[PDB]
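Each chain, written out:
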Amino acid sequence: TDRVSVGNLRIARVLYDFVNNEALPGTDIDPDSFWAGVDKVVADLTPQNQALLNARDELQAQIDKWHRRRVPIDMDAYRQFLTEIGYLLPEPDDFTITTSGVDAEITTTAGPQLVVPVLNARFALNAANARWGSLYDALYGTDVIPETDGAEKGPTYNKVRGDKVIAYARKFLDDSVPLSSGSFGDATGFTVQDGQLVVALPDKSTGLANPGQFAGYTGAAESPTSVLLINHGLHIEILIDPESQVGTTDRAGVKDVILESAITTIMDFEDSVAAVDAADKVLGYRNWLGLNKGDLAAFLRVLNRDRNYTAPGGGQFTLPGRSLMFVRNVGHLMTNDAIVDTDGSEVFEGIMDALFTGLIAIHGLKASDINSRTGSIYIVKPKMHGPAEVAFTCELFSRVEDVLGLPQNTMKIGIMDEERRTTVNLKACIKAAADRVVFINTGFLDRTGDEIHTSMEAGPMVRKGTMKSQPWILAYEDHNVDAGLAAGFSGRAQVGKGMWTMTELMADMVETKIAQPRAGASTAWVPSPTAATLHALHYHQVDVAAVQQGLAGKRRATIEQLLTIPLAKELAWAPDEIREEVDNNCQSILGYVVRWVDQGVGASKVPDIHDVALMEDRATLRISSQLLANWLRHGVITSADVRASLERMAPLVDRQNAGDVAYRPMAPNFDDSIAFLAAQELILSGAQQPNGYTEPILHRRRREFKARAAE
Ligand SMILES: Cc1cccc(Br)c1C(=O)C[C@H](O)C(=O)O
Ligand SMILES: [Mg+2]
């Protein structure tokens with residue numbers, strides 16, 4: 001691996017050539033001033049970054065020893081212990097965030113937020129274009145409309161099914177933009193007359209119960225090619241084309257209901273991608289640059305232009321055609337050898353992402369074929385532990401801004417609430433970023449990993465399925481909204497909640513995920529453009545602004561309930577229960593790692609023991625592996641149990657990769673597979689991974705595979 005010398009740094013060539021030739025051109029930043037800033041910032045801030053990591057390590061070891069002693073569970077001493085060692089810190093005086101220059105998609109619009117692996121250009125394209133989405137297509141192609149008799153998806157179009165689809169959308173129209181009398185089911189056509197939309201019923205004509213909800217149209221107003229509506233800030237478009245295949249059989253000629261869906265999208269460098277050397281990081285960076293320049297393209301799929309409409313009065317306007325883009329950097333933990341120093345030390349990957357994803361984002365503020373119409377750069381910062389780690393991110397962005405020539409506080413931060421030391425100090429974390437913070441979000445799967453590892457010593461934890469209802473997570477989700485609303489997040493920043501992982505269960509999603517807007521959350525996470533279109537339905541039924549107003553001032557979680565450790569009860573499980581939980585964890589562990597290590601895929605649909613398809617990434621692996629590591633620390637299972645289960649499920653994994661050519665199997669030669677040995681190591685060494693993180697082992701084993709594939 002050939003490097004380029006810049007001060008104390010030895011930048012890998014592929015990254016040096018990439019920043020120079022692709023990312024710096026067009027930003028009026030001088031390559032020598034850039035790299036000099038990289039060198040200076042890295043030398044300046046690498047100390048404190050490593051101090052913070054040792055603090056984690058040190059705090060975790062006192063808690064470790066504290067549990068080991070202890071013979072009960074007195075919560076007042078635990079409280080007093082964590083406060084004394086500086087885990088639990090004072091709550092600052094109330095305040096209100098000052099974050100200026102933020103986009104309407106973030107301060108004001110409530111609606112779905114999509115997260116996508118930035119290293120998959122085809123997915124990253126679809127996510128950017130997921131601002132608008134076909135409701136017919138999402139209802140038809142998923143199980144929202146059951147596949148009962150007559151209505152099952154065929155190879156051709158099912159009209160029984162298609163009619164149910166139409167009926168479903170008509171009830172949504174009724175439940176969202178109601179008529180003065182009558183139903184959209186009984187409509188026969190639409191007109192705008194005197195700046196007012198008029199729906200033709202069979203016997204009469206009616207207009208909107210709230211004509212305000214009429215937003216515009218396209219085509220000649222006498223028979224518009226489409227009618228644009230709004231509700232709760234989110235846009236509905238009825239497409240009217242009577243000679244389209246679906247439109248011919250429709251009573252008002254309707255061709256589709258288009259829903260404003262993915263309002264924002266997070267392009268992800270962290271848990272949903274595998275990127276272990278400068279080659280990998282450049283693939284992601286280059287995709288990130290193509291999104292920001294407007295020219296990322298796969299074929300030939302390209303990014304969509306804005307959308308022109310006609311106002312009800314008669315003028316013209318236009319609407320954002322793409323999803324407003326965050327980028328999720330990696331956090332404070334890992335280093336990458338894309339850059340090493342003279343001693344050969346690897347450079348902190350978090351710092352590298354702030355420089356490089358920041359630099360690249362300048363294109364997003366510029367006329368090439370535009371992202372933040374108000375001037376801001378949106379960085380999701382994951383896996384932070386406490387307020388001092390928030391301030392360090394602040395300082396890092398400050399130093400990257402002036403190396404980049406950007407006014408201060410240009411790089412805004414979306415705060416992940418996914419580490420226990422952040423949870424129990426959330427308000428101080430928000431205060432630490434008061435003039436940058438652009439959202440908070442409950443990363444509940446990472447938060448469950450940290451929950452398990454922090455109390456790894458206290459005793460055996462409840463099964464994975466039981467965590468969803470444990471007291472600590474119920475108080476964690478409420479405590480997050482309270483601190484958000486108390487810091488003035490309404491009309492200023494997003495209050496966001498977590499990922500729906502059951503990519504095939506859209507019936508359950510449409511039925512369940514409504515609890516998040518009902519919870520006061522102005523955004524929540526979806527795994528596909530289709531799930532975004534469906535999740536948008538929830539924001540039309542729930543008035544999130546109204547919900548937030550009714551939560552103002554409420555304090556709904558005690559510090560004592562946040563610290564309620566999900567321990568299991570004496571003799572709480574039977575042999576087949578334990579056997580099932582083990583098998584299930586090993587299968588989710590194995591089926592994710594094998595594609596991580598063997599192919600560099602950081603997010604994969606992996607069916608669990610019940611054959612429920614779950615989109616996995618590092619956080620759910622953080623949970624499966626730390627749970628098994630905890631049952632091992634306390635005797636629930638043995639190392640032969642784990643070895644057995646691993647060899648039990650592994651051939652089933654190899655089989656499931658029946659869909660996927662050029663793939664290496666794990667079974668029978670378990671000790672000859674780097675993926676199997678990594679799966680094993682994540683479990684058997686899980687207790688000793690800092691805060692239960694999976695990157696160290698995953699990264700080291702992925703490079704191992706790459707190096708063995710060099711021969
Ligand atoms: C856990 C997960 C599954 C599928 C896609 C994504 Br995206 C994620 C997250 O990384 C979410 C998150 O950061 C968390 O900690 O739950
Ligand atoms: Mg996470």
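Position numbers follow the written sequence of each chain, starting from 1, instead of the entry's numbering, which may differ; residues with no coordinates are not represented. For naming, the first written chain is A and the first written ligand is 1, with later ones following in the order written. Side-chain numbers come from the whole structure's heavy atoms, not from hydrogens or water.

Caption draft 1: Looking closely at the sheet that holds strand β6 (residues 197-200). By the convention used here, strands pair only if DSSP detects at least 2 bridges between them. Secondary structure elements are defined from DSSP: runs of H or I of at least 4 residues count as helices, runs of E of at least 2 residues count as strands, and each element is numbered from the N terminus. Strand order in the open sheet formed by three strands is β5-β6-β7, with antiparallel pairing between adjacent strands. Among the strands making up the open sheet, the edge pair consists of β5 (190-192) and β7 (205-207). The average undirected angle you get between the axes of adjacent strands in this sheet is 30 degrees. Strand direction decides the pairing type here: β6 and β7, joined by three bridges, are antiparallel. Paired with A200 across the strands is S205, a residue of β7. Each axis is a line fitted through C-alpha atoms, taken for helices only over the stretch in contact, and angles between the N-to-C directions span 0 to 180 degrees.

Caption draft 2: Here's a closer look at the pattern of salt bridges. We define a salt bridge as a side-chain nitrogen of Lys or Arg found within 4 Å of a carboxyl oxygen belonging to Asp or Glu. What the rule picks out here adds up to 56 salt bridges. A salt bridge links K706 to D277; the shortest N-O distance between them is 2.3 Å. Under the scheme applied here, a residue whose accessible area is under 20% of the maximum for its type counts as buried, over 50% as exposed, and between as partly exposed, the area being computed with a 1.4 Å probe on protein chains only. Relative accessible area serves as the criterion here: at 16%, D277 is assigned to the buried category. With a shortest N-O distance of 2.8 Å, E681 and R701 are connected by a salt bridge.

Caption draft 3: Just the sheet that holds strand β21 (residues 494-499), in detail. Read around the barrel, eight strands follow the order β3-β12-β15-β18-β19-β20-β21-β22 and close on themselves; strand pairing throughout is parallel. Each adjacent strand pair in this sheet contributes to an overall mean axis angle of 30 degrees, direction not counted. Here, two residues are considered to be in contact whenever any of their heavy atoms come within 4.5 Å of each other. Along the sheet, helix α5 (residues 121-128) makes contact with β3 (113-117) and β12 (264-268), crossing β3 at roughly 165 degrees.

Caption draft 4: Structural context of the site of ligand 1. The cutoff for a nearby residue is simple: one of its non-hydrogen atoms must lie within 4 Å of the molecule or strand. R328, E418, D446, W525 and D617 are the nearest of the 15 residues found near ligand 1. Contacts described as polar in this section are N or O atom pairs within 3.5 Å, which, within protein, must combine one atom able to donate a hydrogen with one able to accept it, while residues neighboring in sequence count only if both atoms come from side chains. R328 places a side-chain nitrogen or oxygen 2.8 Å from an oxygen atom of ligand 1. Residue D446 places a side-chain N or O atom 3.0 Å away from an oxygen atom belonging to ligand 1. The Shrake-Rupley method, run with a 1.4 Å probe, gives the accessible areas here. Residue values count only the displayed protein chains as cover. The fraction of the free accessible surface of ligand 1 (400 Å²) that becomes covered by protein chains is 97%. In this count, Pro and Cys sit with the nonpolar residues alongside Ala, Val, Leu, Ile, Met, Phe, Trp and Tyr, while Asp, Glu, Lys and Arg are called charged and the others, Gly among them, polar. Partitioning the shell around ligand 1 into residue classes produces eight nonpolar, two polar and five charged. Per-domain counts for the shell around ligand 1 show at least three residues from each of domain 1 (1-131 + 261-568) and domain 3 (569-711). An automatic or database domain assignment provides the domain bounds reported here.

Caption draft 5: Summary view of the domain arrangement of the protein chain. What the domain assignment reports for the protein chain is domain 1 (1-131 + 261-568), domain 2 (132-260) and domain 3 (569-711). Between domain 1 and domain 3, the residue contacts involve 44 residues of the former and 48 residues of the latter. Both faces combined, the contact of domain 1 with domain 3 buries some 3,800 Å², and carbon together with sulfur accounts for 56% of it. Of all residues in domain 1, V276, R463 and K464 bury the most surface against domain 3, accounting for 20% of the area lost on that side. The tally of links from domain 1 across to domain 3 stands at 12 salt bridges. Two residues, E457 and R633, come together in a salt bridge whose shortest N-O distance is 2.7 Å. At the junction of domain 1 with domain 3, the criterion picks out 29 residue pairs in polar contact. Defined in terms of a 1.4 Å probe, buried area is the accessible area two parts forfeit on being brought together, summed over both.

Caption draft 6: Quick peek at the state of the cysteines. Criterion for a disulfide: a pair of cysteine sulfur atoms at a distance within 2.5 Å. Summed over all chains, the structure comprises zero disulfides. With no disulfide of its own, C394 lies closest to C429 among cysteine sulfurs, the gap being 11 Å. Classification of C429 by relative accessible area gives buried; the value is 0%.

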